[PDB]
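**Student:** Compact mmCIF, C-alpha atoms (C1' of nucleotides) and all ligand atoms, saved as input.txt, coming up:
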```
# COMPACT_ATOMS: atom_id res chain seq x y z
CA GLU E 9 8.44 -5.05 -0.04
CA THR E 10 9.46 -1.49 0.69
CA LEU E 11 9.29 -1.05 4.38
CA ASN E 12 12.12 -3.50 4.78
CA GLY E 13 14.05 -2.84 1.51
CA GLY E 14 17.41 -1.24 2.54
CA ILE E 15 17.81 -4.02 5.06
CA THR E 16 16.97 -6.87 2.75
CA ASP E 17 18.91 -5.10 0.08
CA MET E 18 22.03 -4.45 2.12
CA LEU E 19 21.64 -8.07 3.25
CA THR E 20 21.66 -9.62 -0.16
CA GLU E 21 24.56 -7.34 -1.00
CA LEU E 22 26.42 -8.85 1.90
CA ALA E 23 25.42 -12.38 1.15
CA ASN E 24 26.22 -12.21 -2.50
CA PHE E 25 29.53 -11.05 -1.56
CA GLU E 26 30.57 -13.93 0.67
CA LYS E 27 29.43 -16.37 -1.85
CA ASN E 28 31.43 -14.76 -4.74
CA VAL E 29 34.51 -13.12 -3.37
CA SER E 30 34.89 -15.45 -0.45
CA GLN E 31 34.06 -19.00 -0.28
CA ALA E 32 31.64 -18.63 2.67
CA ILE E 33 28.68 -20.62 1.55
CA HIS E 34 27.45 -20.48 5.14
CA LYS E 35 27.69 -16.78 5.85
CA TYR E 36 26.42 -16.32 2.45
CA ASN E 37 23.58 -18.79 3.22
CA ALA E 38 23.12 -16.75 6.47
CA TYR E 39 22.44 -13.28 4.96
CA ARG E 40 19.89 -14.77 2.63
CA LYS E 41 17.69 -16.56 5.16
CA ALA E 42 17.79 -13.36 7.18
CA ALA E 43 17.22 -11.17 4.14
CA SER E 44 14.32 -13.63 3.53
CA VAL E 45 12.64 -13.26 6.90
CA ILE E 46 13.01 -9.44 7.57
CA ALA E 47 11.55 -9.17 4.03
CA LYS E 48 8.51 -10.97 5.31
CA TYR E 49 8.21 -9.05 8.48
CA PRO E 50 5.16 -6.92 8.65
CA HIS E 51 6.75 -3.94 10.26
CA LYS E 52 9.31 -1.21 10.14
CA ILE E 53 12.22 -2.79 11.81
CA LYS E 54 13.26 -0.29 14.39
CA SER E 55 16.61 -1.69 15.68
CA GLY E 56 18.80 -4.74 15.53
CA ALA E 57 17.21 -6.07 18.63
CA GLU E 58 13.80 -5.93 17.12
CA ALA E 59 15.17 -7.65 14.12
CA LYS E 60 17.10 -9.92 16.39
CA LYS E 61 14.01 -11.50 17.76
CA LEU E 62 13.95 -13.05 14.34
CA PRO E 63 14.65 -16.58 13.19
CA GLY E 64 18.03 -16.55 11.51
CA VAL E 65 18.81 -13.27 13.08
CA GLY E 66 21.79 -13.48 15.13
CA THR E 67 23.87 -10.85 16.65
CA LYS E 68 26.13 -10.42 13.65
CA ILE E 69 23.37 -9.27 11.40
CA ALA E 70 21.60 -7.37 14.08
CA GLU E 71 24.77 -5.42 14.50
CA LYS E 72 24.92 -4.64 10.85
CA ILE E 73 21.28 -3.52 10.84
CA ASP E 74 21.82 -0.95 13.53
CA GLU E 75 24.78 0.66 11.87
CA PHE E 76 22.78 0.81 8.77
CA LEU E 77 19.75 2.02 10.61
CA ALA E 78 21.65 4.85 12.22
CA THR E 79 23.91 5.83 9.23
CA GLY E 80 22.56 5.26 5.69
CA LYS E 81 25.62 3.13 5.09
CA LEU E 82 27.73 0.28 6.27
CA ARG E 83 31.56 0.19 6.47
CA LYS E 84 32.02 -3.37 5.23
CA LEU E 85 29.63 -2.51 2.48
CA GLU E 86 31.58 0.61 1.61
CA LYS E 87 34.92 -1.16 1.81
CA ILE E 88 33.71 -4.09 -0.47
CA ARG E 89 32.24 -1.70 -3.00
CA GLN E 90 35.67 -0.11 -3.28
CA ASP E 91 37.81 -3.30 -3.25
CA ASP E 92 39.25 -3.74 -6.55
CA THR E 93 39.86 -7.44 -6.14
CA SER E 94 36.37 -8.01 -5.24
CA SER E 95 35.11 -5.43 -7.94
CA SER E 96 37.06 -7.45 -10.41
CA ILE E 97 35.36 -10.71 -9.58
CA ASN E 98 31.96 -9.29 -9.94
CA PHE E 99 32.93 -8.13 -13.37
CA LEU E 100 34.67 -11.21 -14.90
CA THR E 101 31.69 -13.24 -13.94
CA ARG E 102 29.65 -11.44 -16.59
CA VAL E 103 31.47 -13.37 -19.18
CA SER E 104 29.31 -16.18 -20.33
CA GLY E 105 31.06 -19.21 -18.98
CA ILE E 106 32.86 -17.41 -16.22
CA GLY E 107 31.76 -18.36 -12.91
CA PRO E 108 33.07 -17.24 -9.51
CA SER E 109 35.51 -20.08 -9.20
CA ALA E 110 36.99 -19.08 -12.35
CA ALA E 111 36.48 -15.41 -11.64
CA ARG E 112 38.81 -15.75 -8.67
CA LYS E 113 41.43 -17.93 -10.20
CA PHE E 114 41.65 -15.50 -13.04
CA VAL E 115 42.29 -12.64 -10.65
CA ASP E 116 44.80 -14.49 -8.70
CA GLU E 117 46.63 -14.70 -11.96
CA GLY E 118 45.89 -11.07 -12.61
CA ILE E 119 43.24 -11.18 -15.28
CA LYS E 120 41.15 -8.42 -14.00
CA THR E 121 40.11 -6.70 -17.11
CA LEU E 122 38.42 -7.57 -20.27
CA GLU E 123 41.63 -6.80 -22.06
CA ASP E 124 43.40 -9.16 -19.70
CA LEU E 125 41.05 -11.58 -20.76
CA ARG E 126 41.99 -11.10 -24.38
CA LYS E 127 45.73 -11.26 -23.94
CA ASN E 128 45.07 -14.62 -22.51
CA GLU E 129 42.40 -16.07 -24.60
CA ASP E 130 44.52 -19.18 -24.23
CA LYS E 131 43.75 -19.59 -20.61
CA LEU E 132 40.10 -19.67 -21.66
CA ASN E 133 37.92 -22.56 -22.85
CA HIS E 134 35.67 -22.45 -25.91
CA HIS E 135 32.64 -21.52 -23.79
CA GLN E 136 34.45 -18.61 -22.30
CA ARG E 137 36.07 -17.76 -25.55
CA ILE E 138 32.71 -17.29 -27.00
CA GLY E 139 31.59 -15.45 -23.91
CA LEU E 140 34.36 -13.06 -24.56
CA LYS E 141 33.88 -12.92 -28.24
CA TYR E 142 30.23 -11.84 -27.93
CA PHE E 143 30.61 -9.84 -24.78
CA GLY E 144 28.76 -6.68 -25.96
CA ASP E 145 26.19 -8.77 -27.92
CA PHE E 146 25.46 -10.96 -24.91
CA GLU E 147 24.52 -8.24 -22.63
CA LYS E 148 22.13 -6.46 -25.01
CA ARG E 149 18.33 -7.06 -24.89
CA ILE E 150 16.31 -8.81 -27.76
CA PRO E 151 13.76 -6.64 -29.53
CA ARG E 152 10.60 -8.65 -29.92
CA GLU E 153 10.70 -7.07 -33.42
CA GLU E 154 13.81 -9.27 -33.98
CA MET E 155 12.34 -12.09 -31.89
CA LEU E 156 9.54 -12.50 -34.37
CA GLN E 157 12.05 -12.69 -37.20
CA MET E 158 14.10 -15.27 -35.39
CA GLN E 159 11.19 -17.44 -34.48
CA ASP E 160 9.80 -17.27 -38.04
CA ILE E 161 13.10 -18.68 -39.04
CA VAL E 162 13.40 -21.67 -36.78
CA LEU E 163 9.88 -22.62 -37.29
CA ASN E 164 10.74 -22.72 -40.87
CA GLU E 165 13.55 -25.17 -40.59
CA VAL E 166 12.09 -27.44 -37.94
CA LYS E 167 9.16 -28.02 -40.23
CA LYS E 168 11.37 -28.23 -43.23
CA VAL E 169 13.36 -31.11 -41.85
CA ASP E 170 10.56 -33.09 -40.42
CA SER E 171 7.00 -31.97 -40.55
CA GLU E 172 6.40 -33.95 -37.40
CA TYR E 173 8.51 -31.56 -35.24
CA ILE E 174 6.74 -29.44 -32.63
CA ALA E 175 8.50 -26.22 -31.52
CA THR E 176 7.53 -23.65 -29.06
CA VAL E 177 9.29 -20.47 -28.39
CA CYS E 178 8.81 -20.25 -24.63
CA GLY E 179 9.77 -17.51 -22.22
CA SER E 180 8.66 -13.84 -21.89
CA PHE E 181 8.55 -13.66 -25.59
CA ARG E 182 5.73 -16.10 -25.23
CA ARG E 183 4.24 -13.97 -22.58
CA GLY E 184 4.17 -11.07 -25.14
CA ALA E 185 7.23 -9.28 -23.64
CA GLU E 186 8.62 -6.21 -25.58
CA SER E 187 12.15 -7.46 -25.33
CA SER E 188 13.77 -10.68 -24.31
CA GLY E 189 17.28 -11.90 -23.42
CA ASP E 190 17.76 -14.99 -25.36
CA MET E 191 15.78 -17.31 -27.34
CA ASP E 192 14.39 -20.53 -25.76
CA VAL E 193 13.04 -23.21 -28.16
CA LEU E 194 11.21 -26.09 -26.50
CA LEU E 195 11.43 -29.00 -28.66
CA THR E 196 9.70 -32.34 -29.12
CA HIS E 197 8.55 -34.89 -31.48
CA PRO E 198 6.02 -37.78 -31.56
CA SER E 199 8.50 -40.47 -32.08
CA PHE E 200 10.10 -39.34 -28.77
CA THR E 201 8.48 -39.82 -25.46
CA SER E 202 9.13 -40.90 -21.81
CA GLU E 203 10.17 -44.48 -22.76
CA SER E 204 11.13 -44.77 -26.52
CA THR E 205 14.83 -44.78 -25.89
CA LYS E 206 15.89 -41.57 -27.40
CA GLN E 207 16.72 -40.54 -30.90
CA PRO E 208 19.60 -38.13 -30.48
CA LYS E 209 19.64 -37.38 -34.14
CA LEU E 210 16.26 -35.87 -33.42
CA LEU E 211 18.00 -32.95 -31.80
CA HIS E 212 20.89 -33.11 -34.09
CA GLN E 213 19.11 -32.90 -37.35
CA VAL E 214 17.77 -29.54 -36.48
CA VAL E 215 20.86 -28.00 -35.22
CA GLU E 216 22.44 -29.02 -38.40
CA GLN E 217 19.68 -27.36 -40.18
CA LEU E 218 19.92 -24.08 -38.30
CA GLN E 219 23.65 -23.94 -38.87
CA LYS E 220 23.22 -25.06 -42.36
CA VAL E 221 21.42 -21.90 -43.03
CA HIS E 222 23.71 -19.75 -40.83
CA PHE E 223 21.26 -19.04 -38.13
CA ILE E 224 23.40 -20.82 -35.54
CA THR E 225 26.84 -19.54 -35.76
CA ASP E 226 28.20 -21.29 -32.77
CA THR E 227 27.97 -24.13 -30.38
CA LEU E 228 28.49 -23.56 -26.62
CA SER E 229 27.40 -27.03 -25.84
CA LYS E 230 25.41 -29.49 -27.60
CA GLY E 231 24.44 -32.73 -25.91
CA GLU E 232 21.71 -35.26 -26.83
CA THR E 233 18.86 -33.23 -25.40
CA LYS E 234 20.27 -29.80 -24.82
CA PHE E 235 22.00 -27.59 -27.28
CA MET E 236 23.38 -24.19 -26.09
CA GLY E 237 24.55 -21.73 -28.62
CA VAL E 238 24.54 -18.53 -30.57
CA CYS E 239 22.40 -17.35 -33.45
CA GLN E 240 22.29 -14.44 -35.83
CA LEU E 241 19.88 -12.68 -38.16
CA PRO E 242 21.13 -12.37 -41.65
CA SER E 243 22.50 -8.98 -41.87
CA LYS E 244 20.39 -7.69 -44.70
CA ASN E 245 21.25 -5.51 -47.67
CA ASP E 246 24.04 -4.27 -45.45
CA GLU E 247 24.92 -1.23 -43.36
CA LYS E 248 23.27 -2.88 -40.43
CA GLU E 249 24.41 -6.27 -39.18
CA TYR E 250 22.64 -8.15 -36.33
CA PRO E 251 23.84 -8.91 -32.76
CA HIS E 252 24.97 -12.45 -31.82
CA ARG E 253 22.29 -13.96 -29.64
CA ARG E 254 22.08 -16.67 -27.17
CA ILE E 255 20.00 -19.45 -28.07
CA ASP E 256 18.89 -22.68 -26.42
CA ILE E 257 17.01 -25.60 -27.90
CA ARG E 258 15.80 -28.71 -25.90
CA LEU E 259 14.46 -32.07 -26.92
CA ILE E 260 11.43 -33.20 -25.09
CA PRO E 261 9.59 -36.38 -24.92
CA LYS E 262 6.25 -35.59 -26.54
CA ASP E 263 4.58 -36.94 -23.39
CA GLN E 264 5.85 -34.00 -21.38
CA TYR E 265 5.71 -30.96 -23.58
CA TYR E 266 2.74 -28.98 -22.20
CA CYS E 267 3.90 -29.26 -18.63
CA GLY E 268 7.28 -28.31 -19.74
CA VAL E 269 5.90 -25.76 -22.10
CA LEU E 270 3.64 -24.63 -19.41
CA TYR E 271 6.38 -24.19 -17.11
CA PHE E 272 9.16 -22.43 -19.14
CA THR E 273 6.65 -19.93 -20.25
CA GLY E 274 6.12 -18.95 -16.61
CA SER E 275 5.94 -16.30 -15.24
CA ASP E 276 7.92 -17.27 -12.15
CA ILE E 277 4.88 -16.25 -10.07
CA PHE E 278 2.17 -17.52 -12.41
CA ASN E 279 3.79 -20.87 -11.95
CA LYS E 280 3.95 -20.99 -8.22
CA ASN E 281 0.44 -19.75 -8.02
CA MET E 282 -0.71 -22.14 -10.59
CA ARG E 283 1.28 -24.78 -8.73
CA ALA E 284 -0.02 -23.79 -5.41
CA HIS E 285 -3.48 -24.19 -6.96
CA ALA E 286 -3.19 -27.65 -8.43
CA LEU E 287 -2.40 -28.59 -4.78
CA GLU E 288 -5.77 -27.74 -3.47
CA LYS E 289 -7.41 -29.10 -6.53
CA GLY E 290 -5.86 -32.41 -5.42
CA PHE E 291 -2.74 -32.26 -7.57
CA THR E 292 0.89 -31.87 -8.24
CA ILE E 293 2.64 -30.03 -11.03
CA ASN E 294 6.29 -29.92 -11.95
CA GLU E 295 8.42 -29.30 -15.01
CA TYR E 296 7.10 -32.49 -16.65
CA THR E 297 3.94 -33.72 -15.34
CA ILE E 298 0.84 -33.61 -13.29
CA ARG E 299 -0.11 -36.31 -10.87
CA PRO E 300 -3.31 -36.69 -8.98
CA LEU E 301 -2.92 -36.46 -5.24
CA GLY E 302 -3.57 -39.37 -2.91
CA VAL E 303 -4.52 -38.63 0.68
CA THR E 304 -1.89 -41.02 2.31
CA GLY E 305 0.21 -37.88 2.19
CA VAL E 306 1.50 -38.27 -1.37
CA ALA E 307 0.57 -40.19 -4.54
CA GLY E 308 1.65 -40.88 -8.20
CA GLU E 309 0.08 -41.50 -11.62
CA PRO E 310 0.99 -38.99 -14.41
CA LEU E 311 -2.10 -37.51 -16.05
CA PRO E 312 -2.31 -37.33 -19.88
CA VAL E 313 -1.84 -33.87 -21.33
CA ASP E 314 -2.60 -32.93 -25.02
CA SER E 315 -2.21 -29.11 -24.51
CA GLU E 316 -1.73 -26.21 -22.01
CA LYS E 317 -5.56 -26.57 -21.63
CA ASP E 318 -5.59 -30.15 -20.21
CA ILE E 319 -3.44 -28.98 -17.44
CA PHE E 320 -5.85 -26.05 -16.76
CA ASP E 321 -8.93 -28.30 -17.05
CA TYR E 322 -7.44 -30.80 -14.70
CA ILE E 323 -6.87 -28.42 -11.89
CA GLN E 324 -10.02 -26.79 -13.30
CA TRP E 325 -8.95 -23.23 -13.98
CA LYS E 326 -9.45 -20.53 -16.47
CA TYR E 327 -7.37 -20.91 -19.53
CA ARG E 328 -4.99 -18.08 -19.24
CA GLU E 329 -3.38 -16.83 -22.38
CA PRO E 330 0.37 -16.70 -22.22
CA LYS E 331 -0.23 -12.97 -22.42
CA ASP E 332 -1.75 -12.96 -18.98
CA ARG E 333 0.48 -15.50 -17.38
CA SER E 334 2.02 -12.59 -15.53
CA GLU E 335 1.09 -13.86 -12.07
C1' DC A 1 17.74 -29.39 -10.39
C1' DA A 2 19.53 -31.33 -14.39
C1' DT A 3 22.24 -31.27 -18.23
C1' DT A 4 27.10 -30.57 -20.60
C1' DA A 5 32.26 -29.61 -20.44
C1' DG A 6 36.43 -30.53 -18.86
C1' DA A 7 40.29 -32.21 -16.79
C1' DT S 1 35.20 -39.04 -11.55
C1' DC S 2 34.11 -34.42 -9.64
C1' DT S 3 33.46 -29.99 -10.12
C1' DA S 4 31.98 -25.99 -12.68
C1' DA S 5 28.61 -23.01 -15.16
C1' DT S 6 23.98 -22.30 -17.40
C1' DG S 7 19.28 -22.18 -17.14
NA NA K 1 16.37 -14.86 16.88
NA NA K 2 29.46 -15.38 -16.43
```
Just give me the structure as structure tokens.
**Tutor:**
Amino acid sequence: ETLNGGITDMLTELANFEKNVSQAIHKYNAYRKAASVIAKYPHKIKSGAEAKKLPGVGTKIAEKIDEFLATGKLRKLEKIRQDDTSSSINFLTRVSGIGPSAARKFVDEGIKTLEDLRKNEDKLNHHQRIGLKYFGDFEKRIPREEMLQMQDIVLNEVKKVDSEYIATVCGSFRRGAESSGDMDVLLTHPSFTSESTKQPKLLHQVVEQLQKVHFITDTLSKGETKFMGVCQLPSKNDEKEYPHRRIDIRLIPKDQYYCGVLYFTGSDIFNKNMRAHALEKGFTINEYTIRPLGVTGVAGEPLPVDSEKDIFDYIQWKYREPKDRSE
DNA sequence: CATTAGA
DNA sequence: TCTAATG
């Protein structure tokens, strides 16, 4: 956690590189298992060799470790950090919709800069066009102050269209967080569950609403269960307009909300731990359900959940407010 | 790890 | 169809 930091950190630097700049899934996959293990290791790694004793720790990595252990640097790390080509990939990737594949192709063409990107909006698809359009806006954090306003709004439409609609604003926001990145609305409705062969309009109606009013300014992708877009707070009695925010809404079968809702709310650790727990308590939890455990090794049978509580009860825990879902 | 675009 | 990019 701190005794092995530089190593694990240099390591992930290295891995992340091979995966992005190069197309070395393997090497990249290497650095990470290694970075994983040394991370675990209970002691100040004193030399490559000591490291080396490790599972996943070959001679390549060991070698790197020593150089780093001796000199607070690495050449390959220094070189990479400089490398414009590679610097460029790392950067283009920030554009929502730009991935590494694209990040490289772009380069190979010579689109290294943001401006490059503009001169060739043509070479870009709608996703990436939007990514570029709201570049500043997409990187900025979401004041919970604004979050509250946003939420107030969707809750208003959802209800307005059908009173039957259930919507939860999951995430860190949910967990009380001061700021957030993007809004995440978990959606569901009674007339939609596990079996009852969809009702796509169910999602659709709402999006239409939210646009209708100008909350949703754009569509990144909208499918029959998952919409991906952009929203915006009505820029008041002017002088101050609002930033374009990322927003994501998802239709859920009523019979899987709470697990889902449980889940998206997190935190990443609260989950595992909660998950690890259900396990002892003779269970299994995952993004949609909770099934009692059978001793034959495994077992099925989806337990019935009417709220975040049922799930707690089941595995018999203390109801933990989203506030304290930290870990 | 599953859902959407796109080509 | 596969392959990408997001969460
Ligand atoms: Na070893
Ligand atoms: Na990106």
**Student:** Quick one: pull the distance between atom CA of residue E:226 and atom CA of residue E:189, Å, one decimal.
**Tutor:** 17.2 Å
**Student:** Can you pull out the residues contacting stretch 2-7 of chain S? Cut-off 8 Å, using all atoms listed in the file, and skip same-chain residues under 2 positions away; I want them as a ChimeraX atom specification.
**Tutor:** /E:105-107,109
**Student:** Just to be explicit: take each residue in the selection above, keep C-alpha atoms, and write the result as a tab-separated table (two decimals), keeping the file's coordinate frame.
**Tutor:**
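Saved to selection-v7.tsv:
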```
chain	number	residue	atom	x	y	z
E	105	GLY	CA	31.06	-19.21	-18.98
E	106	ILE	CA	32.86	-17.41	-16.22
E	107	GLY	CA	31.76	-18.36	-12.91
E	109	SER	CA	35.51	-20.08	-9.20
```
**Student:** What does the structure give for the distance between atom CA of residue E:36 and atom CA of residue E:24, in Å to one decimal?
**Tutor:**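 That distance, rounded to one decimal, is 6.4 Å.
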**Student:** Which chains and residue numbers are within 12 Å of ligand NA 2 (chain K), counting all atoms listed in the file, if I want them as a list in words?
**Tutor:**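 I would give the residues around ligand NA 2 (chain K) as residues 28, 97, 98, 99, 100, 101, 102, 103, 104, 105, 106, 107, 108, 109, 110, 111, 135, 136, 137, 138, 139, 140, 143, 146 and 147 of chain E; 4, 5 and 6 of chain S.
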**Student:** I need the residues from that last selection saved to file as a compact mmCIF listing (two decimals), in the coordinates of the input (with C-alpha atoms (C1' of nucleotides)), if you can.
**Tutor:**
```txt
# COMPACT_ATOMS: atom_id res chain seq x y z
CA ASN E 28 31.43 -14.76 -4.74
CA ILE E 97 35.36 -10.71 -9.58
CA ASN E 98 31.96 -9.29 -9.94
CA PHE E 99 32.93 -8.13 -13.37
CA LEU E 100 34.67 -11.21 -14.90
CA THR E 101 31.69 -13.24 -13.94
CA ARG E 102 29.65 -11.44 -16.59
CA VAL E 103 31.47 -13.37 -19.18
CA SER E 104 29.31 -16.18 -20.33
CA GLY E 105 31.06 -19.21 -18.98
CA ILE E 106 32.86 -17.41 -16.22
CA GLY E 107 31.76 -18.36 -12.91
CA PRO E 108 33.07 -17.24 -9.51
CA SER E 109 35.51 -20.08 -9.20
CA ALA E 110 36.99 -19.08 -12.35
CA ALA E 111 36.48 -15.41 -11.64
CA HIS E 135 32.64 -21.52 -23.79
CA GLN E 136 34.45 -18.61 -22.30
CA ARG E 137 36.07 -17.76 -25.55
CA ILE E 138 32.71 -17.29 -27.00
CA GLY E 139 31.59 -15.45 -23.91
CA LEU E 140 34.36 -13.06 -24.56
CA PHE E 143 30.61 -9.84 -24.78
CA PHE E 146 25.46 -10.96 -24.91
CA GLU E 147 24.52 -8.24 -22.63
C1' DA S 4 31.98 -25.99 -12.68
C1' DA S 5 28.61 -23.01 -15.16
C1' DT S 6 23.98 -22.30 -17.40
```
**Student:** What is the distance, in Å and to one decimal place, between atom CA of residue E:55 and atom CA of residue E:87?
**Tutor:**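 Result for atom CA of residue E:55 versus atom CA of residue E:87: 23.0 Å, one decimal.
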**Student:** Counting all atoms listed in the file, which of E:295, E:74, E:128, E:269 gets nearest to residue A:2?
**Tutor:**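 Of E:295, E:74, E:128, E:269, the one nearest residue A:2 is E:295, counting all atoms listed in the file.
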**Student:** Find, counting all atoms listed in the file, the residue in E:191, E:85, E:156, E:125 that gets nearest to chain S.
**Tutor:** E:191
**Student:** Out of E:90, E:133, E:201, E:20, which residue has the shortest atom-to-atom distance to residue A:7 when counting all atoms listed in the file?
**Tutor:**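 Smallest separation from residue A:7 among the options: E:133.
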**Student:** Restrict the distance test to all atoms listed in the file, flag each residue of chain A within 8 Å of chain E, and return the flagged residues as a list in words.
**Tutor:** residues 3, 4 and 5 of chain A
**Student:** So which residues are near ligand NA 1 (chain K), meaning at most 10 Å away with only C-alpha atoms (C1' of nucleotides) and all ligand atoms counted, given back as a PyMOL selection string?
**Tutor:** chain E and resi 42+57-67+70
**Student:** So, counting all atoms listed in the file, which residue among E:241, E:210, E:190, E:325 is closest to chain S?
**Tutor:**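 Ranked by minimum distance to chain S, first place goes to E:190.
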**Student:** Can you tell me which residues surround residue E:302 at a distance of at most 12 Å, considering all atoms listed in the file, apart from same-chain residues fewer than 2 positions away, and format the answer as a short mmCIF file (atom, residue, chain, number, x, y, z; two decimals) with C-alpha atoms, in the coordinates of the input?
**Tutor:**
```
data_model
loop_
_atom_site.label_atom_id
_atom_site.label_comp_id
_atom_site.auth_asym_id
_atom_site.auth_seq_id
_atom_site.Cartn_x
_atom_site.Cartn_y
_atom_site.Cartn_z
CA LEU E 287 -2.40 -28.59 -4.78
CA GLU E 288 -5.77 -27.74 -3.47
CA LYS E 289 -7.41 -29.10 -6.53
CA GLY E 290 -5.86 -32.41 -5.42
CA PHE E 291 -2.74 -32.26 -7.57
CA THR E 292 0.89 -31.87 -8.24
CA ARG E 299 -0.11 -36.31 -10.87
CA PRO E 300 -3.31 -36.69 -8.98
CA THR E 304 -1.89 -41.02 2.31
CA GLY E 305 0.21 -37.88 2.19
CA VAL E 306 1.50 -38.27 -1.37
CA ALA E 307 0.57 -40.19 -4.54
CA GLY E 308 1.65 -40.88 -8.20
CA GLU E 309 0.08 -41.50 -11.62
#
```
**Student:** Counting all atoms listed in the file, what is within 9 Å of residue E:273, bar same-chain residues fewer than 5 positions away, as a ChimeraX atom specification?
**Tutor:** /E:177-183,268,279,330,333
**Student:** Find the residues near stretch 251-254 of chain E: any atom within 6 Å, counting all atoms listed in the file, skip ones fewer than 5 places away on the same chain, and give them as a ChimeraX atom specification.
**Tutor:** /E:145,190,237-240
**Student:** Determine the nearest neighbour of chain S from the options E:83, E:131, E:258, E:52, counting only C-alpha atoms (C1' of nucleotides).
**Tutor:**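 Closest residue, counting only C-alpha atoms (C1' of nucleotides): E:258.
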